[PDB]
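This document starts with two versions of one protein chain, written out as C-alpha cells and named structure 1 and structure 2.
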Structure 1
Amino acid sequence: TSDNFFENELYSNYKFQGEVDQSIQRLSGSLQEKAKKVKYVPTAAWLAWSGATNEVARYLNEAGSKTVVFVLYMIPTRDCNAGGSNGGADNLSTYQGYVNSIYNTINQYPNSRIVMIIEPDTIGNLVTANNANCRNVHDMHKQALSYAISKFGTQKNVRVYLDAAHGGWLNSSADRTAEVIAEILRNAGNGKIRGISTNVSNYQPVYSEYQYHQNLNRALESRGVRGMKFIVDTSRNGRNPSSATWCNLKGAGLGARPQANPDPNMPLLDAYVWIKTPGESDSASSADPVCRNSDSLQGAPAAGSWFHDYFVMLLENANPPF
C-alpha cells in the first residue's frame, strides 16, 4: 500500500551473510562480535554481470514478503572510444535482453516488494564526461536508461530509483543533471520512478547529500519532474571523506544502518540504504591510477571481491558504533 517500500522489513541476503561469515571466521573477541551484528544488516543485491539474470529468482524466493533491493548494473559498455565497430554490436539489444529477462522473472512474484536502482555512475558521466569519443556510448546509455525505466517502472511490485551520482560530483551541475534526467523520463514510455539514488559506492555525508537532493529536486521540478523522493547509500559514509578518492578510501566507516523515513526534517528522503556492499573491493589496487592514491587502501583484490582488511576498517570506523 505505501509507495515507500523501505517501510517494510528489509531482506537480508545469503551472499552478504556469507561474505561477512568470511570475516567473522578471521576475527576473535570484540571485533568478531561486531562483525556478527553487521552480518544481518540488509544490503542491496547487485545485478552486475550477464548471468545475474539467473540470480534474481533465488533472491526473491528467499526474501518472501521482505523488501528486496536490486542494483541494475548491466549496461554492456561504460568505456568510450567506440569508435566502432561501429562502435557497438550490439549493446543496446543485448541490454534490452537482460532487462526483459529480469522483468519477466519479476512478473512471476506479484507479491514481492522490489526496489530497483538503475545503473550507478551512468548519469554522472552523461553530465560531466566529454564525449567526442563517448558520444555514441552516451546516446546508447540514455536509451538504455529509458528502456530500463520503461519496463521496471510499470511493474506494480517494483519501485524504481534512478541513480544520480553524488553531491561531490553533480551538486555544482544540478540543472544539467535535471535536464538529462527529464530527457530520459520523456522516452521511458509509461514507466515511472519513485525517485533518485545518490552516494552509491561513495562516502559523502548524509547532511551534504541531502543539500544535494534539495538542489537536484528544485532543478527536476523546474524541468517538470515533480514529486521525486531520494535514497542515499550509507554503507561507507560514517566518516567525512578526506579527499575525492573513489577507490577503497582509507578512513571510511560504516554509516547509519538502513532505515525508512529516518529524519522528519528530511522529508524528501525515503531511506538510508546500504547500496554499495561494504567490504567488497572497488577495484584492484593495480587496475586504476586512483587506486594508487596515497589515501586508497592498498592490497585490494578485484572489484566486487571481498576485501577483509577494508571491511575491518569500516567496522572499526563505524558511525554510529556497533
Structure 2
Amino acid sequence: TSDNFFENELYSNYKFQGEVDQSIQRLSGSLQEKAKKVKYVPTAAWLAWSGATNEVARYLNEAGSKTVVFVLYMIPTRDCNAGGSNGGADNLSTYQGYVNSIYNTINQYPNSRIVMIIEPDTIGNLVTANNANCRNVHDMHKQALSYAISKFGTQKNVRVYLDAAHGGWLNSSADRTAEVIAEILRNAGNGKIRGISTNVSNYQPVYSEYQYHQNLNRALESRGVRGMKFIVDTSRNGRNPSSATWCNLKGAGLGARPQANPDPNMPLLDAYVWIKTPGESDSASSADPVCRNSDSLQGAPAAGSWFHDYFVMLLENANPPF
C-alpha cells in the first residue's frame, strides 16, 4: 500500500491518445514513428470546466488498477484583473459543488489509485500577485484550496499534491510560500497532502526545480509541515527556457518520460509526471499579449486545443532523444 501511487503502472487516457492521433495522421516517416511512441506515454487528465464532473467516471472505468492522475483546475477567479472569466466557478459554493461531485464519484471506486493535483497557478498568485483590490478573491482562493484538501485529503484511494508554482516564480519566496501552504493546511480539516507539484505547465529543468524543492521543503519544515514529497512536470522541459515567457514557448522539448523515484540523489522527488498536456495550447495567441512575445510560437489555438505545430516542435526538441 505504498503512498507513492506512481510506483504502480500509469494510466494512458483516450483523450491524449486521440490528440496524438490527429498528429499521426498529418505526419510521415520519421516524425510519425516518434509520434506513435508518444501516443501511449501517460499524461494527466485535466478537470478544467464545469462539465468535467461527468468525465471522471469514464476515466476511472477505463483505467482499472492503473494510477489515474487528475488535475483539479476549476477554481472561481484566475486573475484578480479586469476581463477574466470562462473557466471558474461563480463562487465558493459553486466550487464546493464541483469538489463534492468529484469526491462522490471517486468514492464509488475504492480500488482505483488516484493522484489529485490541486489547482495549478493558485498558490503562485497568492504569493506574488498584488493585494490592493484583490483581497476578496485571495481569501476565497485560500478557502477553495482548504476545502478541496479537506475532501480529497481524506479519501484512501487518493493522494493529493498541492501545486506550488516553479522555481523561476517562487524560489526567492520559499518562506512566504510555506507560510500560505501552512495556513491552507490548518483549515483543511482532517485532509492530508502527500506533497507538492511543481513546474506545472512550465519549462524549468529538473536540476533547478529540485533545488527549489529543497528550499521550499525547508520552509515548510520550519512551519510544522513535515514529510512533504514532490512531483515535477517534465512534459515540456527538455531544453532550458530562453526566457520567462510561459505561453507556448519556442524551442521547448518533451522532457523525461514519466517515472517513479527517478533519482536516488533526489530523495524528496516522488516522480517525473507529464502534467500539462504536451501539444495543447497554453492560450490563443490573440488572447494575451504575452502570447505574442518574440519567443512564443504563433497561430496558437485556444487554451486546451491541440496545437499540431507545437507538438511537432516538442517532438523534434525531445530530451532524452529517441
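Structure 1's sequence is the ruler for residue numbers, which start at 1. In this text, rigid core is short for the largest set of C-alphas that superpose within 1.5 Å between two forms. Only residues modelled in both forms are compared.
Entry of 124, 88, 189, 251 that shows, once the rigid core is matched between structures 1 and 2, a C-alpha shift of 2 Å or more: The only residue crossing the 2 Å threshold is 88.
Angstrom displacement of the CA atom of residue 148 between structures 1 and 2, core fixed: Between its two positions, the C-alpha of residue 148 lies 0.1 Å apart after core fitting.
Following rigid core superposition, Cα shift of residue 77 between structures 1 and 2 in Å: Residue shift at the C-alpha: 1.7 Å.
Superposed on the rigid core, segments between structures 1 and 2 of at least 3 residues with Cα shifts of 2 Å or more: Run moving 2 Å or more: only 81 to 90.
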